[PDB]
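Worksheet for the structure shown next.
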Amino acid sequence: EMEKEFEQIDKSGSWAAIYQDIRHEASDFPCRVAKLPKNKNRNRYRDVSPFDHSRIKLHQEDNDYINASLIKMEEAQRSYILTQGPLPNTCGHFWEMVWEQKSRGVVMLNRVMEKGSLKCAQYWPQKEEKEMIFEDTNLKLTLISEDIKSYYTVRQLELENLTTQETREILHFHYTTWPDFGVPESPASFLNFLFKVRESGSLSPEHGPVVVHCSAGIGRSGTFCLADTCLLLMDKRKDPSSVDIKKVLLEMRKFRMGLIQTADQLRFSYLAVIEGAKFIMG
Ligand SMILES: O=C(O)C(=O)N(c1ccccc1C(=O)O)c1cccc2ccccc12
Numbered sequence: 002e003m004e005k006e007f008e009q010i011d012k013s014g015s016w017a018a019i020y021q022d023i024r025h026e027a028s029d030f031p032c033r034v035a036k037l038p039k040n041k042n043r044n045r046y047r048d049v050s051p052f053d054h055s056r057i058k059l060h061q062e063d064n065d066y067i068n069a070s071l072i073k074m075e076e077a078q079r080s081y082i083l084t085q086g087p088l089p090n091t092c093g094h095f096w097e098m099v100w101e102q103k104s105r106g107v108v109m110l111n112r113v114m115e116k117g118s119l120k121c122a123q124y125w126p127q128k129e130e131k132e133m134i135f136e137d138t139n140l141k142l143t144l145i146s147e148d149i150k151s152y153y154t155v156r157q158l159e160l161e162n163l164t165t166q167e168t169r170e171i172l173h174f175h176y177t178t179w180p181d182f183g184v185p186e187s188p189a190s191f192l193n194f195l196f197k198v199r200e201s202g203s204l205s206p207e208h209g210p211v212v213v214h215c216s217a218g219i220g221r222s223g224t225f226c227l228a229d230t231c232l233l234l235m236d237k238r239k240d241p242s243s244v245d246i247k248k249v250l251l252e253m254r255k256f257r258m259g260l261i262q263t264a265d266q267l268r269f270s271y272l273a274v275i276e277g278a279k280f281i282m283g
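See below:
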């Protein structure tokens, strides 16, 4: 039971300790391809790399590298591609991935600029009339419409394969109110955002995996994936109270390092799941 485990830890300030156990137990696999000199400019951060076993490969024979990991949750039957906020030189790669993997949605959990510096390139067009063209991966992207709201914005985009002239509609789910430091006071809006993403059908099997990212694609992105999955499991099992969030986090960490960067995010994850649970039924 987590609802209880929560308070047991809160009034004991053991969050930092728990988080560390998880850090210690977490798996570690090689990232040999990510470290090759030729991909130095394909990584935003030197110490956030995709393991080789689970990395997303680009269908180009030149350089199939991109800092992106496939997180496959067998039991919950859900997959997610967690990636880093793209770089000024990897946007064409990013959309190539979205195309090749047949993704339907892109979930963005950060802003282009935070704490005064760029945390992600401006990879999507901001004005209907100014479409972007990525010449290296031969892709065209057009802003079709956007719906700006209190805590988030949803955009409909048209991605076209210039080689084939085939078009596809991608939904951009951009959470715009994640705080500069710390985590939200209330998981409330984050849960609404999540459900909003589920509702679009972007997390569904008939589509390629959803593309999720913040700046490094492991902290906030981790809380998103960890919350979704845990909620899905509490919904699928005979015994809902059998869902161990730490267990799930560790399973996800087999596919990508550092998912959930601080003890705060972990606490927040608990909160989002606990809150989301008291609502998936009434
Ligand atoms: O982008 C992330 O994965 C992330 O969650 N980061 C954070 C790390 C600690 C506390 C808060 C956050 C946050 O995003 O709110 C990171 C932000 C910027 C650079 C990072 C570099 C490596 C790992 C995590 C990073």
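Per UniProt numbering, numbering through the sequence shown is continuous, rising by one, with the last residue being 283. Beta carbons are placed, not taken as given, at the ideal position from N, Cα and C, and that holds for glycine.
Beta-carbon within less than 6 Å of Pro87's beta-carbon, same chain only, minus the 5 sequence neighbours each way: which residues are those?
Closer than 6 Å at Cβ, skipping near neighbours: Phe95, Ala122 and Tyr124.
CA-to-CA distance, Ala217 to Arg45, given in whole angstroms
7 Å
From the DSSP output, which residues share a beta bridge with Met114?
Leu119
Return helix, strand or coil for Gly106, following the three-state DSSP convention.
strand
In three-state terms, what does DSSP make of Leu204?
coil
Buried or exposed: where does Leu267 fall if 16 or more other Cβ atoms within 10 Å of its Cβ makes it buried?
buried
Taking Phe280 as the reference, give the member of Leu195, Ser205, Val212 and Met253 with the closest Cα.
Nearest of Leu195, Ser205, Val212 and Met253 to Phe280, Cα basis: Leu195.
Pick helix, strand or coil for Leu142, following the three-state DSSP scheme.
strand
Please name the residue in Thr263, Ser80 and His60 whose C-alpha comes closest to that of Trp16.
The candidate whose alpha carbon is nearest that of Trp16 is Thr263.
State the DSSP-derived secondary structure class of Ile219, mapped to helix, strand or coil.
coil
Give the DSSP bridge partners of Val155, in chain order.
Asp148 and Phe174
Is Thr91 near ligand 1, in the sense that its beta carbon is under 6 Å from a heavy atom of that ligand?
no
I'd like to know whether the C-beta atoms of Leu232 and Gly277 end up nearer to each other than 7 Å.
yes
So for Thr164, helix, strand or coil by DSSP?
coil
Since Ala189 sits in a beta bridge, which residues does DSSP pair it with?
Looking at the DSSP assignment, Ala189 forms no beta bridge with any residue, so it has no partner.
Residue nearest to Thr138 in terms of C-alpha spacing, selected from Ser70, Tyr20, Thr91 and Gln85:
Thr91
When we look at the beta-carbon of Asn64 and count the other beta-carbons within 10 Å, is it buried (16 or more) or exposed?
The Cβ neighbour count for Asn64, taken over all protein chains shown within 10 Å, is under 16; the residue is labelled exposed.
Kindly indicate which three-state DSSP category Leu59 falls into: helix, strand or coil?
Coil at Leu59, not helix or strand.
Nearest to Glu115 by alpha carbon, out of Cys226, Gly259 and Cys215?
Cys215
Pick from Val99, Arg112 and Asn111: whose alpha carbon is nearest that of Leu140?
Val99
Going along the chain, which residues put their C-beta within less than 5 Å of some heavy atom in ligand 1?
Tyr46, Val49, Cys215, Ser216, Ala217, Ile219, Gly220, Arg221, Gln262 and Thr263
Taking 7 Å as the cut-off, decide whether the C-beta atoms of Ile275 and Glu4 are in contact.
Taking 7 Å as the Cβ cut-off, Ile275 and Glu4 qualify as a contacting pair.
To the nearest angstrom, report how far apart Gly220 and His175 are at their CA atoms.
16 Å
Please classify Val213: does DSSP put it in a helix, a strand, or coil?
strand
Contact between the stretch 167-182 and the stretch 140-158 is defined here as three or more beta-carbon pairs at a separation below 8 Å; is this criterion met?
Yes: at least three Cβ pairs fall under 8 Å.
Considering Cα atoms alone, identify which of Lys73, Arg43 and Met74 is closest to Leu59.
Nearest option by C-alpha distance: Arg43.
Taking all protein chains shown into account, do 16 or more other C-beta atoms lie within 10 angstroms of the C-beta of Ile134, making it buried, or fewer, making it exposed?
exposed
Environment of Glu252 [buried if 16+ CB atoms lie within 10 Å]
It is buried - the Cβ of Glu252 has at least 16 other Cβ atoms within 10 Å.
With a Cβ-Cβ cutoff of 7 Å, do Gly202 and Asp265 count as a contact?
no
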